Amino acid sequence: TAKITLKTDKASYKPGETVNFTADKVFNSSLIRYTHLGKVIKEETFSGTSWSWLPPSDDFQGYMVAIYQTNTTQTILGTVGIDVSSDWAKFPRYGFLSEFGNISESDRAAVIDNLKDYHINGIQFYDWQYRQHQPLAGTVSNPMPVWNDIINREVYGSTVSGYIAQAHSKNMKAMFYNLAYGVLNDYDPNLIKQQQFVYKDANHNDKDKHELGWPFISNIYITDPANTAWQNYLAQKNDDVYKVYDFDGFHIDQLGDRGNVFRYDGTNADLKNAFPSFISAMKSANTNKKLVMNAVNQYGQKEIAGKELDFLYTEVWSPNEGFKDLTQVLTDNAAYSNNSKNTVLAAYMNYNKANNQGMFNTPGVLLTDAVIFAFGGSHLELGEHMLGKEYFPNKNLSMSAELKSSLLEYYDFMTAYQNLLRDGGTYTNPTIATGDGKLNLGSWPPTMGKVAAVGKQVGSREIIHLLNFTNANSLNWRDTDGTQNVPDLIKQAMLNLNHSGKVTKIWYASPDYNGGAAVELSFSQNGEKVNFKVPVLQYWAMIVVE
């Protein structure tokens with residue numbers, strides 16, 4: 001629907017770094033407007049397809065840039081969000097890579113550039129590694145140029161390093177996947193002793209294992225993350241990696257709750273309580289390297305939320321299948337971290353559908369990211385393709401050109417307005433009411449048939465999110481079979497808001513309307529009672545009262 005595709009050269013920008021813009025088209029009588037939280041901070045003539053802007057230098061600030069044509073009113077031509085951050089961890093927008101074979105440099109560039117346009121600021125390299133117990137193939141002095149992975153696919157070192165370089169060139173961090181504790185059947189028993197493993201019983205008979213059939217090479221066997229011999233072994237493995245591949249850090253994965261399992265000596269392995277010492281030991285060994293750890297279905301989250309992790313990560317499973325279950329994870333993560341850490345959700349959309357070639361269900365994907373983004377979360381979902389399954393190379397489902405377009409606007413939006421979405425504040429219930437019957441308004445958690453209003457006091461602003469369940473035919477976020485409805489647009493819906501405190505300005509932004517650029521609304525205020533009209537509600541509208 002946008003006339004123009006507006007992009008920048010990098011995914012994000014440290015303070016003092018220049019932003020280089022490309023537009024695909026030029027139009028006459030147009031203006032580039034730079035906004036910070038809805039306020040114009042610069043305008044200039046739209047003059048060509050390529051120009052630059054040096055952003056203000058305050059750290060951790062999101063901006064929107066919007067090109068307008070003047071009609072003999074103004075029409076939005078297209079938008080881009082910009083993130084000024086010194087470091088990804090405050091506002092993580094996490095993506096993946098999953099294929100590391102003989103892939104050309106231009107093919108790799110097209111992958112990274114596309115991730116760059118979603119402002120992805122870090123990438124989890126998934127199944128890059130040789131083995132869980134030896135991520136580096138070969139030696140530091142003599143690294144193997146080609147190896148085979150857990151599915152016996154070829155991985156090229158030069159593809160790994162090439163993607164690390166390309167990610168770096170776009171201001172993205174590179175995080176190497178491995179398990180915290182994983183060992184395959186070709187490990188060296190001289191190095192990883194019996195004493196190190198986790199067992200299904202007290203008599204060190206049977207080792208705990210995640211069973212994998214063909215074409216996987218091995219079951220994943222399981223060590224004690226608290227075991228210091230294990231820790232020192234794996235620190236050496238990590239160091240080797242770092243000396244060969246210039247990863248910024250270690251994305252620590254695990255298999256989630258193993259139920260009731262045991263150490264060599266018969267004591268409860270209680271793995272959630274073993275992770276803290278593991279994380280500390282990994283950080284201690286490579287103090288310059290970042291750590292993120294997957295609390296699978298929250299297993300370990302409370303125990304690890306206080307440790308040296310850049311931000312928190314949760315892979316979401318049953319029984320956390322409701323929209324209200326994703327916000328419970330986000331609320332619990334804030335509480336476990338004492339409001340220190342934001343969260344990334346791994347939450348694989350259209351999961352059952354992804355048993356076969358097909359399309360992602362656009363409305364299910366968008367409704368999901370609306371809830372996630374609106375509540376200050378982030379979704380790990382984009383790499384070479386979008387995730388349909390926990391096995392990231394699975395690319396059975398494609399994104400329509402419409403979904404691609406739309407999701408770019410959703411990433412623009414959660415970037416531009418990060419300062420409002422996930423940079424402090426308190427959730428409140430706004431006292432709001434339809435003025436014209438056009439909205440059937442409720443609170444959070446949501447109700448099918450209703451628009452849910454979510455309030456956040458963020459410094460001196462009042463934020464109101466409208467999240468549209470009017471046409472929802474389920475409240476399960478995964479939309480596993482791709483059945484979720486596209487919501488009908490609601491237009492020009494009058495809202496009544498109690499707000500004591502003089503209102504100065506009210507503004508609207510939605511990723512569904514005008515590329516998420518701020519629109520100032522008309523309003524009246526009669527003592528406490530404030531009215532105004534929202535232009536368009538489809539999935540997700542944000543109202544901001546200053």
# chains A, B, ... in the order shown; residues from 1 in each chain; ligands from 1
$ residues_around --residues "residue 146 (chain A)" --least-positions-apart "4" --cutoff "12 Å" --atoms "only C-alpha atoms" --output "list in words"
residues 100, 101, 102, 128, 129, 130, 136, 137, 138, 142, 152, 153, 154, 155, 156, 157, 158, 159 and 160 of chain A
$ residues_around --residues "region 214-229 of chain A" --least-positions-apart "3" --cutoff "8 Å" --atoms "only C-alpha atoms" --output "list in words"
residues 150, 151, 152, 180, 181, 182, 183, 184, 185, 196, 197, 198, 207, 208, 209, 210, 211, 232, 233, 263, 269, 271, 274, 275, 277 and 278 of chain A
$ write_last_selection --atoms "N, CA, C and O atoms" --output "CSV table (one decimal), in the first residue's frame"
chain,number,residue,atom,x,y,z
A,150,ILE,N,24.9,-32.2,13.0
A,150,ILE,CA,24.2,-33.2,13.7
A,150,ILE,C,23.3,-33.9,12.7
A,150,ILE,O,22.9,-35.0,13.1
A,151,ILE,N,22.9,-33.3,11.5
A,151,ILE,CA,22.2,-34.0,10.5
A,151,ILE,C,23.0,-34.5,9.4
A,151,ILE,O,22.5,-35.1,8.4
A,152,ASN,N,24.3,-34.4,9.6
A,152,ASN,CA,25.3,-34.9,8.7
A,152,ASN,C,25.3,-34.0,7.4
A,152,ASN,O,25.8,-34.5,6.4
A,180,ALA,N,23.9,-26.1,26.7
A,180,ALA,CA,24.6,-25.9,27.9
A,180,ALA,C,25.3,-27.2,28.3
A,180,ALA,O,26.3,-27.1,29.0
A,181,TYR,N,24.8,-28.3,27.8
A,181,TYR,CA,25.2,-29.6,28.4
A,181,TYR,C,25.1,-30.8,27.5
A,181,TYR,O,25.0,-31.9,27.9
A,182,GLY,N,25.3,-30.5,26.2
A,182,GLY,CA,24.9,-31.6,25.3
A,182,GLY,C,26.2,-32.4,24.8
A,182,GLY,O,27.2,-31.8,24.5
A,183,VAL,N,26.0,-33.7,24.6
A,183,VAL,CA,27.1,-34.6,24.2
A,183,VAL,C,26.5,-35.7,23.3
A,183,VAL,O,25.5,-36.3,23.6
A,184,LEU,N,27.1,-35.8,22.1
A,184,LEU,CA,26.6,-36.8,21.1
A,184,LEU,C,27.5,-38.1,21.3
A,184,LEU,O,28.6,-38.0,21.9
A,185,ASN,N,27.2,-39.1,20.6
A,185,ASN,CA,27.7,-40.5,20.8
A,185,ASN,C,29.1,-40.6,20.4
A,185,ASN,O,29.8,-41.6,20.7
A,196,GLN,N,30.2,-36.8,35.0
A,196,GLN,CA,29.8,-35.5,34.5
A,196,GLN,C,28.3,-35.6,34.1
A,196,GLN,O,27.7,-34.5,33.8
A,197,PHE,N,27.7,-36.8,33.9
A,197,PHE,CA,26.5,-36.9,33.2
A,197,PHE,C,25.3,-36.9,34.1
A,197,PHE,O,25.4,-37.1,35.4
A,198,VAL,N,24.1,-36.6,33.6
A,198,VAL,CA,22.8,-36.7,34.2
A,198,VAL,C,22.2,-38.0,33.9
A,198,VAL,O,22.3,-38.4,32.7
A,207,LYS,N,21.6,-43.1,31.1
A,207,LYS,CA,21.9,-41.7,31.0
A,207,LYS,C,20.6,-41.0,30.5
A,207,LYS,O,19.9,-41.6,29.8
A,208,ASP,N,20.3,-39.8,31.0
A,208,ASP,CA,19.2,-39.0,30.4
A,208,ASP,C,19.6,-38.7,28.9
A,208,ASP,O,20.8,-38.6,28.7
A,209,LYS,N,18.6,-38.7,28.0
A,209,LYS,CA,18.9,-38.4,26.6
A,209,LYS,C,17.7,-37.8,25.9
A,209,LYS,O,16.5,-38.2,26.1
A,210,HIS,N,17.9,-36.9,25.0
A,210,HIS,CA,16.8,-36.6,24.0
A,210,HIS,C,17.0,-37.5,22.8
A,210,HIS,O,18.1,-37.4,22.2
A,211,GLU,N,16.1,-38.3,22.5
A,211,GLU,CA,16.2,-39.3,21.4
A,211,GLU,C,15.9,-38.6,20.1
A,211,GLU,O,15.0,-37.9,19.9
A,232,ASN,N,34.6,-26.5,32.9
A,232,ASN,CA,35.9,-26.1,32.5
A,232,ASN,C,36.2,-26.7,31.1
A,232,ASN,O,36.9,-26.1,30.3
A,233,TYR,N,35.7,-27.9,30.8
A,233,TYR,CA,35.8,-28.5,29.5
A,233,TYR,C,35.1,-27.6,28.5
A,233,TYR,O,35.7,-27.2,27.5
A,263,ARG,N,22.3,-37.1,39.4
A,263,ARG,CA,23.7,-37.0,39.0
A,263,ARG,C,24.3,-38.4,39.2
A,263,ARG,O,23.6,-39.3,39.5
A,269,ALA,N,19.6,-33.8,40.3
A,269,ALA,CA,20.4,-33.0,39.4
A,269,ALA,C,19.9,-31.6,39.4
A,269,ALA,O,20.6,-30.7,39.1
A,271,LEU,N,18.2,-29.4,37.5
A,271,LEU,CA,18.9,-28.7,36.5
A,271,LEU,C,18.7,-27.1,36.6
A,271,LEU,O,19.6,-26.4,36.2
A,274,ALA,N,21.1,-25.5,38.5
A,274,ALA,CA,22.5,-25.8,38.1
A,274,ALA,C,22.9,-24.7,37.1
A,274,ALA,O,24.1,-24.4,37.0
A,275,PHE,N,21.9,-24.2,36.3
A,275,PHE,CA,22.2,-23.2,35.3
A,275,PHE,C,23.0,-22.0,35.8
A,275,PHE,O,23.7,-21.4,35.1
A,277,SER,N,25.3,-21.4,38.2
A,277,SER,CA,26.7,-21.6,38.2
A,277,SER,C,27.4,-21.7,36.9
A,277,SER,O,28.5,-21.2,36.7
A,278,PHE,N,26.7,-22.5,36.0
A,278,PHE,CA,27.1,-22.6,34.6
A,278,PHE,C,27.3,-21.3,33.9
A,278,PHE,O,28.3,-21.1,33.2
$ select_by_dssp --residues "region 136-316 of chain A" --states "helix (DSSP H, G or I)" --output "PyMOL selection string"
chain A and resi 157-169+194-196+228-244+271-273+275-285+301-304
$ atom_distance --atom1 "CA of residue 247 (chain A)" --atom2 "CA of residue 383 (chain A)"
17.1 Å
